[PDB]
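Notes follow once the structure below has been shown.
The numbers here are math on the coordinates, done by the rules we state, and not lab data. Here the Cβ is made from the backbone with ideal geometry for all residues, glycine too, and neighbour counts use every protein chain on show.
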Amino acid sequence: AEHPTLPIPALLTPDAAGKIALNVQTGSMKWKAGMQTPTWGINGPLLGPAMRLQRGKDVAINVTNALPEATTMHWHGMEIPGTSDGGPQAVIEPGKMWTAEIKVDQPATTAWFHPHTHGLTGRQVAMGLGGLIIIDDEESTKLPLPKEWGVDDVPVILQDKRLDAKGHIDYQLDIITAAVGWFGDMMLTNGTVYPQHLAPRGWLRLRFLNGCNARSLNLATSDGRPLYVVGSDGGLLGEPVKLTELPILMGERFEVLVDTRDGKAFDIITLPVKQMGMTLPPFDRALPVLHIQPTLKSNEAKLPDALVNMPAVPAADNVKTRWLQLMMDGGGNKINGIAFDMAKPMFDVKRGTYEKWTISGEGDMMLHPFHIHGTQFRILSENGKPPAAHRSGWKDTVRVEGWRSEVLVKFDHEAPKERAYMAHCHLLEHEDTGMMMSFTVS
Ligand SMILES: [Cu+2]
Ligand SMILES: [Cu+2]
Ligand SMILES: [Cu+2]
Ligand SMILES: [Cu+2]
């Protein structure tokens, strides 16, 4: 009963000039009683808009920095050239504006955007910076999936935050937060503590994004009803995958369909995970993150038998292999002995060519959601075992926790030395403290 309403991020479309304006500004959010928490946000006090882009169409994104300090703006999941990626090299100084030219050339998905500031990514994402990218294509539009934005097509950004006694965001990059990660005693759903959403009877499409810096989540329904996964990080699956529990890693996106035809209210809950530090209350028990309340009104959605033509995984056979050994040994966080050196991109990749990448987390029991820039790949092996049905489509993240993972990457866009792609552990504090690397595509 005593709960807020789930905020819906505005659906911005490119204007008459084919441009989208993003003003990265300061603000505040009222979480602690009688305490305005200073936060950061794109076009608001926290988080940002959902940029709706069409496949094939172009857009110029005018990112204005209105913060007191420098920031960047990465477009997580976009298959774009390194010159438009917005990594730690594309620095937007305070009061300045950087433009990112993007030509959409990938399937329909829920991609996202967040800063990628050198050694400061975690801090700025925790401050409140984040947003969505809704990609549309003809193939996906034909499907009878819920399309009414903010009504039956709903974004769900799940981030945890920690506040100090004065209400301020408590973020210190000490040795503990640099090793286990930054986590908090407060769960947010679109920057709101356990909000409610009114949905039509029929089907409800939830675009889940785990926006936590370090916390992994395990989504499920309170009354055991199924979650039908229809999409992953980079597109819809071949056909829906019926799941009860949906583990979602930091930076990952999953589009799920929920049956609301019965008209009964229920919660989207997250289950306790066996990750270090992520066990403490309120995460000690099942935690409701979003309350779905079906209305009397209804939609004509169907949950199709087949979604899109998911291509077969090509047997690489003779491709250039890669070895990325993640290490939290002795001195600190590093990949292949080298802690992230921006001046030296590990290797060059021939554009348009397949490769077989192998990431290793052996001799380390920490969780590493390995994220690769400028691509959407197919997981060949996830932590030894083959990828789950819902994790076998288009992914830009792969689980690396204790053993080794192997994916089939291919980069269709260039990335010069000056604006090289990044590959890193999406546990933001690991990335900031060295567990990141660069590579060029030509
Ligand atoms: Cu990211
Ligand atoms: Cu990325
Ligand atoms: Cu890591
Ligand atoms: Cu990144």
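When the chain is treated as a Gaussian network with alpha carbon springs shorter than 10 Å, the biggest mean-square fluctuation among 305, 329, 364 belongs to 305. Label-to-label distance for residue 66 and residue 164 is 2.6 nm, based on points extended 7 Å past Cα in the beta-carbon direction.
Rank the residues 183, 208 as a footprinting-exposure proxy: fewest other Cβ atoms within 10 Å of their Cβ go first. Each step should come with its number before you reach the end.
Numbers: 183 22, 208 26.
Listed from fewest to most nearby Cβ atoms, that is 183, 208.
Put a dot 7 Å past the Cα of residue 353, heading toward its Cβ, do the same for residue 296, and the two dots end up 6.5 nm apart.
For the chain, the C-alpha radius of gyration divided by 2.2 N^0.38 Å, with N the number of residues, is 0.91.
For the chain, what does -39500 (n - 2.57) per DSSP helix run (n ≥ 4), summed and divided by total residues, give at 222 nm, in deg cm²/dmol to the nearest 500?
Values: 4 runs with 22 residues, N = 442.
After summing the helix terms and dividing by residue count, I get -1000 deg cm²/dmol.
Sorted from greatest to least, the principal axis extents spanned by the alpha carbons of segment 320-441 come out as 38, 36, 23 Å.
Counting neighbouring Cβ atoms within 10 Å and putting the fewest first, the residues 274, 417 line up as 274, 417.
Based on C-alpha pairs under 8 angstrom that are at least 6 apart in sequence, the chain has a relative contact order of 15 percent.
Ignoring the sites themselves, the chain has its longest run without GluC sites (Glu not before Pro) in a DSSP loop having at most 13 other Cβ atoms within 10 Å at 149-244.
So for the chain: antiparallel DSSP bridges make up what percent, rounded to the nearest 5? Kindly include the intermediate steps, with their values, before the conclusion.
Numbers: 82 of 117 bridges.
Given both bridge residues lie in the chain, the antiparallel proportion sits at roughly 70 percent.
The alpha-carbon atoms of segment 11-142, seen along their principal axes, cover 48, 32, 27 angstrom, with the largest extent given first.
Legend: ranking of residues 189, 5, 26 from fewest to most surrounding C-beta atoms inside 10 Å; resulting order 5, 26, 189. Beta bridges per DSSP, both residues in segment 11-142: antiparallel share near 60 percent. When the trypsin sites (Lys or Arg not before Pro) in segment 159-245 are filtered for DSSP coil states and for at most 13 other beta-carbon atoms within 10 Å of their beta-carbon, the remaining sites are 166.
Normalised by the number of residues in segment 339-413, the average gap of Cα pairs under 8 Å and 6 or more apart makes the relative contact order 44 percent. Kindly list the residues of segment 70-95 that lie in the label zone of residue 418, defined by a backbone N under 15 Å from the point 7 Å along the Cα-to-C-beta vector. Residues passing the 15 Å test: 82-87, 89-91.
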